[PDB]
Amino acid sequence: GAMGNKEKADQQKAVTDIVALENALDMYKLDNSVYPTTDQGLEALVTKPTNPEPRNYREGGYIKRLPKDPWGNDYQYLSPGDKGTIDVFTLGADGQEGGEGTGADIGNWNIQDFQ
C-alpha cells in the first residue's frame, strides 16, 4: 500500500532531528576544533564533556535538548564515522542495522533518499 501520514511523519522527524544534531555537532567543532568523540557522544552537545576537555565550550551547550527518534530510542553517533567524518543516524523501526521501509536506517549520509 502507498505510504500514509504516520510513516511519512516519522521519516520526516528522523530527517529533521539528524539535521539539527549535525548542525549542533558542526557548531561544536567550529568552537572546539574537533568533533566530540564517539565516547563523549551526542551528550557533549548538552553537557560540557571531558577526556578531552573542550577548548571553547559554548555556555548553554549546542542544542536545547537531545531528541529521541520516532521509536523512542536515542539517536546514534560515531566519530570518526564509517560513512562520513561523523555518522548521525537512527536504525529505524527494527532497531537493527539495515532493513527497509519503516525499518530503513536513516542517517546523515543517506538523507537524499528520505528528503
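Numbers for residues come from their place in the sequence shown, where the first is 1.
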Quiz item: Do the CA atoms of 21-29 or those of 94-102 have the higher mean B-factor in the entry?
Solution: 94-102
Self-check item: Mean C-alpha temperature factor, higher of 49-57 and 81-89
Solution: 49-57
Practice problem: Could you tell me which third, lowest, middle or highest, the C-alpha B-factor of residue 3 occupies within its chain? | Solution: middle
Practice problem: Sort the modelled residues of this chain by their C-alpha B factor and say whether residue 63 lands in the lowest, middle or highest third. | Solution: highest
Quiz prompt | B-factor third for the C-alpha atom of residue 36 within its chain | solution = lowest
